[PDB]
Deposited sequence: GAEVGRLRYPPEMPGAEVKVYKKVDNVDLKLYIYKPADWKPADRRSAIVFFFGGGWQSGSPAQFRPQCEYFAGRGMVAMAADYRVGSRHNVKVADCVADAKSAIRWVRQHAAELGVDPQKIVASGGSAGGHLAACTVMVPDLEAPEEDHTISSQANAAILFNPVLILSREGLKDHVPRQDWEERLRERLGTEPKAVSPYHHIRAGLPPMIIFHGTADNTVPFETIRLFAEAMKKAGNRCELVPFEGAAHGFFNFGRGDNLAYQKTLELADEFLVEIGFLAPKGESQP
């Protein structure tokens, strides 16, 4: 199914972070007619795997699709528990480093620094959400005057509640500090969420409750239920790629809606 290290044919490889003698890579898919002077939107995908495993190859098909639509699309590698001595808070710092790196290098990348989308599945969906709405947890030696906050998010059955407060050994902080749900506030970037109603790993009600309170704060937060679908339904190769195909179509219309992508 998925392998690590990933095989990423045609991708440009860039090291976005060096930490603990590990070089963390972005696998970059550029569109046709790309030039550094471009101001294209960008999307950074974070794979899932419980902050313990997974592979950047997971979102390789989606990268190819969005580069084919004119986007600078990339899949980030980030540290995980089965390979590195990290906790969830470290994964968050890596995901923020990736967004900060793309913004910092927006001119070399042909990217609009205000059109960077964070995206991910399950644990990497959590990380994407952290880069839009969870404060701090930044790499301490990076230039914090470059924002690590993404400008939109596309989430594939994300984990969004990590503390049972107001309602742990692997987190690296107090639970609330890594929990997107406990940071809902007005003025947040737009996002779309795909989630299965029969998800036994991340209960759908936790996401519906999230999106409800997100709309109350005035945020554009669309939850697309996939009736009877289970955790992971969206992945390439699952079912007959019906869910993979429709999530791409729904994500495409979301990016055109907010002005990041041109209509087909």
TODO: Show which contiguous pieces of the deposited sequence have no C-alpha coordinates, counting from residue 1.
DONE: 1 to 5, 173 to 185, 283 to 287
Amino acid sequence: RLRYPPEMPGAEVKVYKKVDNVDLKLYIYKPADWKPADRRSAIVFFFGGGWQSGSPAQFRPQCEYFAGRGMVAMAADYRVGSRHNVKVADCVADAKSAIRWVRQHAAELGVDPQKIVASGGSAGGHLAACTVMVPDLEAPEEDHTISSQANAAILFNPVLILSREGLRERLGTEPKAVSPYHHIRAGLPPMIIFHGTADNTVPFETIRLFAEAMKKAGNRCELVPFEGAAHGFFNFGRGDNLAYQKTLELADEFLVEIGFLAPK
From here on, numbers count along this sequence of modelled residues.
TODO: Between 218 to 226 and 40 to 48, name whichever shows the higher mean Cα B factor according to the PDB entry.
DONE: 218 to 226
Open item on the list: So, looking at the entry's B-factor column for Cα atoms, which has the higher mean, 106 to 114 or 122 to 130?
Closed with: 106 to 114
Open item on the list: According to the Cα B-factor stored in this entry, which of the following is highest: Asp94, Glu165, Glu142, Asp136?
Closed with: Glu165
TODO: Just grab whichever of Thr197, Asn235, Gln62, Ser53 has the top CA B-factor as deposited.
DONE: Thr197
Open item on the list: Where does the C-alpha B-factor of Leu26 rank in its chain, lowest, middle or highest third?
Closed with: lowest
Open item on the list: Looking at the temperature factor on the CA atom of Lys18, which third of the chain's modelled residues does it land in?
Closed with: middle
Task: Lowest, middle or highest third - CA B-factor, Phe156 - done: middle
Open item on the list: Based on the deposited C-alpha B factors for this chain, I'd like to know if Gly81 is in the lowest, middle or highest third.
Closed with: lowest
